[PDB]
Every structure is written in C-alpha cells, then in structure tokens.
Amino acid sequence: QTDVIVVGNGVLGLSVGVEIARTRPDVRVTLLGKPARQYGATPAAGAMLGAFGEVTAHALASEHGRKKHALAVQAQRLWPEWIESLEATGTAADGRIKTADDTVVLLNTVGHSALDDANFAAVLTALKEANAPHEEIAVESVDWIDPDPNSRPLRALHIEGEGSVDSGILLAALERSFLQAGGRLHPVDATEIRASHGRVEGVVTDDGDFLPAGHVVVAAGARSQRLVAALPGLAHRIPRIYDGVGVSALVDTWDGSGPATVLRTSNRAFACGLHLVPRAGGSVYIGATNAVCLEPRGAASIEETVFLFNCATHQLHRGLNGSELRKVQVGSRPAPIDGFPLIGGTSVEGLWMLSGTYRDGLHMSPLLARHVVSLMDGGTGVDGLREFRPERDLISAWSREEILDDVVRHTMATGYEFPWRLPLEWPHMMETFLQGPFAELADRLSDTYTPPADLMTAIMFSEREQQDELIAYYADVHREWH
C-alpha cells in the first residue's frame, strides 16, 4: 500500500492531510476523527498565532526553549501564504480565517513581578533579536480597552504581523481544502495501529473495520502517545502526553464592538494567560485557563470560569461584565511529560507522529505539516526539529534547581494573579514553606528526570497511587534508555 491514514481531525491532522493530498495527488489519503472533536484543543482555541507573545524568560533560558521559539518565528512566516491557499478553495461567504493582523501585549500588576516583569523584558529582547516589527506604545493609545483603573496596564507593546485566526473557520477551510485536493474524510476513530516486521500495515477503527496503509500519521492530540504506546517497546520510548485542560469563552459584547488587535498578557502561572481574540459578528473570544490533568476532563470547573471572567472584566474591558455569555469552551492542550513536542518518524517504517504541542500546535501547524511531508518524501524537512523526534529518552531541558525555583514562583503567582490580599509577612512565609515539599517530591520521583512546573504541581496534588505509578514510569524509561 502507498495509502496514507491521518489519525486525528484537529488543526495538525487536517493541516498534514491537506499538505499530503496536495503534494501526492497519486496517493489515497484518508483522515479519521468525528465532528464532536471530543477534548479537541483546536475548536476551544481563539486562536492567537503566538510566536513573540508566547516568549517567557524561563523558556529562552534553555537551549530546547530557544529551539522551540526559533520554530515559532519560522512558522509565522508561512501563515500569510497558507491562509491565501486555504481561502482560495472557498468564497467570500465562507468567512475570513484571519481575525486580526497585530497583537498588543499589556503589562499590569495583577500578577507576579517574577513572571510578568521578567516575561515582558524577554518578549522585548526576543522581538529586537529577531528584527521583528514592534513598538512600545502609550497605554492611552490602545484601542477599545476599558480596564478597572486598579487592574489597568502601565506598559503596552504592539507586535506587527502577529495576529489571530477564527479556529472554527480555519477547521472548515482545512476540511474544504482537504476534499478539493482529493482527500477522503472517514468519520470514525482509530482504536489500534497495526504493525509487524517493523512496518505499519494500517489502522483498526472503532466500528471494527480495518484500513490498510503504507503510512500512518498520528495527530490525535492528547490521545496520540496512548495510541502508539501499544506497539512493541514503544511504551517507554514515546514520551507520555497528558491533558492541558483549557477553558475559554465566547461573549457577545454589550455594543457589538471588539478590539482591532489581539489583546494579551505574557504566559502566567502554570502556562495559563489572559487574552481576547477578535471574532466577526459582535463576538469576542476570551481565554484561557490551563491545568495539566492526569486523566482527560471535558467540563470547565467553577474556579476556571470565575478566574477567566474576573481577569477579562477587570484587566481588558469592564463592558464585558454586562455582556452575554454565549459558550464556555473546554479543550485539551496535548501536554508532553518532558515539555517538548513529538514531531517526526519512529523505529516503525511509515509511522509518524505530530503531537505534544501544548499552547502553540495551531500556530506551528503549517511548518509541522511541511516538516512531516518532507520526511515522508525522503527529505530532512525543517532544521532544528531533530531534538523533538517522537521516539526519545525524556528531554531534561532545565536543572532540577531551575524547575524547583520555577514551580515555587508559579505557585506564588496563583496568589498575585487572583489577586489576593494577605498580611505582608504571609507571602515570604509561604515561599519558605513551599520549597521543602517540592524539593522532596522532585527527589522522590526520579534520580534523573524532573517534570516541568506545570506537571510537577499536578503530581504534587495527585493521589499517592498516581505519584507511585509515575515513579515506576520514570524508572522504566531510565531502564530503556540507559
């Protein structure tokens, strides 16, 4: 078989589907997944084409973080022609994929100085290093915003050509473009990848059918590693992916207005963040919470909804307070256990993975699609994706000391972002008493691996049985690679 099966109907599966179908007109490409898109990250996304907006001091302090950032900057260059190529298969009445061209990053004091001040400086430095067009602007010159004065920004940064897409219109344009290129949509889920003699044979679907293929591309979001891990040896050779459960909302604004740009903060405690993405027709998207969950979750918590709404109404626009809630959206960011994506080939011939993209898979989609298609055609794809090969020992991108400093800072940031009001001795007391328990957990989990802060907090507050199972997992991975 020269047949291709793409497992997954999010932005990544559809993007790779479109690129395969367009580049290999001679081959059958079939894409699996259902219109419900259960736990789907893409439909819950605003979405920001986040490159410079996603910069943190912590990410850029590591070689792996600098490599991930370079790929985000490369992906941004592909978006204008990618959108042109997808809108080309449609008409005016399909709507516009692009909802804003530019982003304003706001700096307010509703957060930790150790995150927000460090991250604002890191964004400014990254923009200058990349020769990207940008301007620090007067807050008074920021269009539309009407914050609570006690929650207001005092600095603002205009990022030119860093925009947003309507994630729903993007998915519709990708499906339309996939069909135009001769792709076939089969609305079932893969249950099992079939392989023997180190080669893919095809996919068993959840209706009990078997589909043969020479190539299987796994882009099933947070389910991607669980699907591949069933193959021989791969349980401790493919890094685990967890559910980065994210809550967002669609709001009909009081007057039908919206901002001309994305409005956002830098990434905040445990990779949450505040942003507003413009939409057509008097709607705005507000996001977005983040919680790594050891099992998937398909509903928003009360706490997530209150935090998102409170941040947006105070820090962006008080008019949102009186605005109508249209939809609370929940999706799972694929959260890799070592903090880096799983992109490329396996020890199994014709088996490819595109997953573990967490906050910025949608942004990276055109670059990731082209990378995997290049590899499938015997090329080397995009330089600097090599470290993010899916079959690997867990990456250790930071020292245990760096992660322990980070997890305590992020824990304290949950207070400052609330924002809390406490006696002034309490924060220093909590900082001192948080250090020991996180140090003890990190030392107990493994002699070699340290989970990033976002996962470490989830493990700290999980059941003893869940902690013990992860100790076993890390020990089995060490055994496999050392």
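Residue indices: 1-based, along the sequence shown.
> Highest mean C-alpha temperature factor of the two stretches 298-306 and 188-196, which is it?
According to the PDB entry, the answer is 188-196.
> Between 351-359 and 260-268, name whichever shows the higher mean Cα B factor according to the PDB entry.
Comparing averages over the C-alpha atoms only gives 351-359.
> Which listed residue, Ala335, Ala249, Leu127, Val228, has the largest C-alpha temperature factor in the record?
Among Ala335, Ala249, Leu127, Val228, the highest C-alpha B-factor in the entry belongs to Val228.
> For the listed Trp420, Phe433, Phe438, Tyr39, which has the peak Cα B-factor recorded in the PDB entry?
If I rank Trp420, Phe433, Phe438, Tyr39 by C-alpha B-factor, first place goes to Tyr39.
> If you rank every modelled residue in this chain by C-alpha B factor, which third holds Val27: lowest, middle or highest?
It belongs to the highest third of the chain when residues are ordered by C-alpha B-factor.
> Using the B-factor values recorded in the entry, state whether the Cα atom of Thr91 falls in the lowest, middle or highest third among the modelled residues of its chain.
Its C-alpha B-factor belongs to the highest third of this chain's values.
> Lowest, middle or highest third: where is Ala45 by C-alpha B factor in its chain?
As the PDB entry reports it, the C-alpha B-factor of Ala45 lands in the highest third of its chain.
> Among all modelled residues of this chain, ranked by Cα B factor, put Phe210 in the bottom, middle or top third, i.e. lowest, middle or highest.
Tercile = highest for this residue's CA B-factor.
> Tell me, lowest, middle or highest third: where does the Cα B factor of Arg176 rank within its chain?
Answer is middle: the recorded C-alpha B-factor places it there.
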